[PDB]
Amino acid sequence: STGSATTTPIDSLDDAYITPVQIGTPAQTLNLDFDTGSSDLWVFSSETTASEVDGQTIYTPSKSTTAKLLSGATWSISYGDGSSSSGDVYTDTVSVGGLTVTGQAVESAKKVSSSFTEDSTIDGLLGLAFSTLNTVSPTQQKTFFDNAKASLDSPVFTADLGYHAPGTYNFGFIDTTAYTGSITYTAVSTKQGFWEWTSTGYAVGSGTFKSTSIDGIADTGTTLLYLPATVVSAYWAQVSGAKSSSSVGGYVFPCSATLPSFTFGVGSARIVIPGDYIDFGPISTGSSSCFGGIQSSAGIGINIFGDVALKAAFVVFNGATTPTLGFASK
């Protein structure tokens, strides 16, 4: 089997991407944030504290003839951005782009933090990291991908995120028309539960490539590119007037600037992030100070190849017995 679904930016900055997901019988379609940096499929629901729901579409398990309470199961998650959610668990039928899993754990939110409530466009998350990170207790649950894997034509999914445009998540096949050149594959460590890999280096603009190992995670659920302070300083030094602002919480730059590209290494291959992808617009409405899309990972504890980086590539998440990651230009 295979699946193919379009993923759409939630706003003009590509702050996140939502993908429609069918849950239950009859189908209830919710727009979920596909997150290769976590492993829970959780939704706004009829059980979510009413004051914490503001415009989201909710899953109502009592209206699904295939929903079953997973007795005794609870979940609770905190994300790197400080947001959180928790609740109980149902199993139900879940379909993405024509690919159907029966008995998928659907984690129903009883509580969500303010940042979720405040984002009316995201109805929940669909985790695509390794199932070892799933938070369901006392019986850990499998991700949608893990459940689908054996049925897929090939045990892979691909992320093709657009810049200020829709893109595609495919399951079970590699669309050879979706990228240019060849796909370069690189080793993955699953020791922390993430799609963790090592970039071979970087360049700023038309500058020379610096060969250096950068361990990080491929994370579709993180907006920006978070890299070591040395790398980030080298990037922003090429932008007149750019500075790290402790008050704003990262590098800012004059909105009048033209940003250089940023290249990262995948083996001997190179992925080029155009400068425009690194512009996240005014820090507040009407400001001439703009927020940068490359930020320091210092104090995160891990480097994160988030959407800024991934949307410059066609990315293969290869869930073979020994997983790997593939990157192609597009």
# chains A, B, ... in the order shown; residues from 1 in each chain; ligands from 1

call {"tool": "select_by_dssp", "arguments": {"residues": "region 75-199 of chain A", "states": "strand (DSSP E)", "output": "ChimeraX atom specification"}}
result
/A:75-78,84-96,99-112,124-127,156-160,167-171,184-187,196-199

call {"tool": "closest_atom_pairs", "arguments": {"of": "region 122-232 of chain A", "to": "region 298-302 of chain A", "cutoff": "9 Å", "atoms": "only C-alpha atoms", "output": "CSV"}}
result
residue,atom,partner,partner_atom,distance
A:215,CA,A:302,CA,7.8
A:216,CA,A:302,CA,6.2
A:217,CA,A:302,CA,7.7
A:226,CA,A:302,CA,8.2
A:227,CA,A:298,CA,7.8
A:228,CA,A:298,CA,6.3
A:229,CA,A:298,CA,6.4

call {"tool": "atom_distance", "arguments": {"atom1": "CA of residue 167 (chain A)", "atom2": "CA of residue 53 (chain A)"}}
result
27.6 Å

call {"tool": "residues_around", "arguments": {"residues": "region 56-64 of chain A", "least_positions_apart": "5", "cutoff": "12 Å", "atoms": "only C-alpha atoms", "output": "NGL selection string"}}
result
:A and (20-32 or 42-51 or 69-70 or 88-94 or 106-110 or 112 or 116-124)

call {"tool": "atom_distance", "arguments": {"atom1": "CA of residue 235 (chain A)", "atom2": "CA of residue 161 (chain A)"}}
result
23.1 Å

call {"tool": "residues_around", "arguments": {"residues": "residue 2 (chain A)", "least_positions_apart": "2", "cutoff": "6 Å", "atoms": "only C-alpha atoms", "output": "list in words"}}
result
residues 99, 152, 171 and 172 of chain A

call {"tool": "closest_residue", "arguments": {"among": "A:257, A:316, A:129, A:18", "to": "residue 170 (chain A)", "atoms": "only C-alpha atoms"}}
result
A:316

call {"tool": "closest_residue", "arguments": {"among": "A:308, A:237, A:126, A:271", "to": "residue 209 (chain A)", "atoms": "only C-alpha atoms"}}
result
A:271

call {"tool": "decode", "arguments": {"residues": "region 31-60 of chain A", "atoms": "N, CA and C atoms", "output": "CSV table (one decimal), in the first residue's frame"}}
result
chain,number,residue,atom,x,y,z
A,31,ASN,N,-6.8,18.5,10.9
A,31,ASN,CA,-5.6,19.0,10.2
A,31,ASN,C,-4.5,18.9,11.2
A,32,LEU,N,-3.6,17.9,11.0
A,32,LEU,CA,-2.5,17.6,12.0
A,32,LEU,C,-1.1,18.1,11.6
A,33,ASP,N,-0.3,18.4,12.5
A,33,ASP,CA,1.1,18.8,12.3
A,33,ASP,C,1.9,17.6,12.4
A,34,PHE,N,2.4,17.1,11.2
A,34,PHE,CA,3.2,15.9,11.1
A,34,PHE,C,4.6,16.3,11.6
A,35,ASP,N,5.0,15.5,12.7
A,35,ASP,CA,6.2,15.9,13.5
A,35,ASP,C,7.2,14.8,13.6
A,36,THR,N,8.2,14.8,12.7
A,36,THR,CA,9.3,13.8,12.8
A,36,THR,C,10.2,13.9,14.0
A,37,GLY,N,9.9,14.9,14.9
A,37,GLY,CA,10.6,15.0,16.2
A,37,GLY,C,9.8,14.5,17.4
A,38,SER,N,8.7,13.9,17.2
A,38,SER,CA,7.9,13.3,18.3
A,38,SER,C,7.2,12.1,17.8
A,39,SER,N,6.5,11.4,18.8
A,39,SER,CA,6.0,10.0,18.5
A,39,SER,C,4.6,9.8,19.0
A,40,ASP,N,3.8,10.8,19.2
A,40,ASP,CA,2.5,10.7,19.7
A,40,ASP,C,1.5,11.3,18.6
A,41,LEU,N,0.4,10.6,18.4
A,41,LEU,CA,-0.6,11.2,17.5
A,41,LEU,C,-1.7,11.6,18.5
A,42,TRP,N,-1.8,12.9,18.7
A,42,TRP,CA,-2.8,13.4,19.7
A,42,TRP,C,-3.6,14.5,19.0
A,43,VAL,N,-4.9,14.6,19.5
A,43,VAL,CA,-5.9,15.5,18.9
A,43,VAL,C,-6.6,16.3,19.9
A,44,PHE,N,-7.0,17.5,19.5
A,44,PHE,CA,-8.1,18.2,20.2
A,44,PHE,C,-9.3,17.3,20.1
A,45,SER,N,-10.2,17.3,21.1
A,45,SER,CA,-11.2,16.4,21.2
A,45,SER,C,-12.4,16.9,21.9
A,46,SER,N,-13.5,16.1,22.0
A,46,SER,CA,-14.7,16.4,22.8
A,46,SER,C,-14.4,16.4,24.3
A,47,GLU,N,-13.2,15.8,24.6
A,47,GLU,CA,-12.8,15.7,26.0
A,47,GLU,C,-11.9,16.9,26.4
A,48,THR,N,-11.4,17.7,25.5
A,48,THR,CA,-10.6,18.8,25.8
A,48,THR,C,-11.3,19.9,26.6
A,49,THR,N,-10.7,20.3,27.7
A,49,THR,CA,-11.2,21.4,28.5
A,49,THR,C,-11.7,22.5,27.6
A,50,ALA,N,-13.0,22.9,27.8
A,50,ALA,CA,-13.6,23.8,26.8
A,50,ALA,C,-12.9,25.1,26.7
A,51,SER,N,-12.4,25.7,27.8
A,51,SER,CA,-11.8,27.0,27.7
A,51,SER,C,-10.4,26.9,27.0
A,52,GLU,N,-10.0,25.7,26.7
A,52,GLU,CA,-8.7,25.5,26.0
A,52,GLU,C,-8.9,25.2,24.5
A,53,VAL,N,-10.1,25.2,24.0
A,53,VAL,CA,-10.4,25.0,22.6
A,53,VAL,C,-10.8,26.4,22.0
A,54,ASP,N,-10.1,26.8,21.0
A,54,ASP,CA,-10.4,28.1,20.3
A,54,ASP,C,-10.3,28.0,18.8
A,55,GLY,N,-11.3,27.4,18.2
A,55,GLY,CA,-11.4,27.3,16.7
A,55,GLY,C,-10.9,26.0,16.1
A,56,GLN,N,-10.3,25.1,16.9
A,56,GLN,CA,-9.8,23.9,16.3
A,56,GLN,C,-11.0,22.9,16.0
A,57,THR,N,-10.8,22.0,15.1
A,57,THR,CA,-11.7,20.9,14.8
A,57,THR,C,-11.4,19.8,15.8
A,58,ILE,N,-12.4,19.3,16.4
A,58,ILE,CA,-12.2,18.3,17.5
A,58,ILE,C,-12.6,16.9,17.0
A,59,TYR,N,-11.9,15.9,17.5
A,59,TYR,CA,-12.3,14.5,17.4
A,59,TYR,C,-13.3,14.1,18.5
A,60,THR,N,-14.4,13.5,18.1
A,60,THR,CA,-15.4,13.1,19.1
A,60,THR,C,-15.5,11.5,19.0
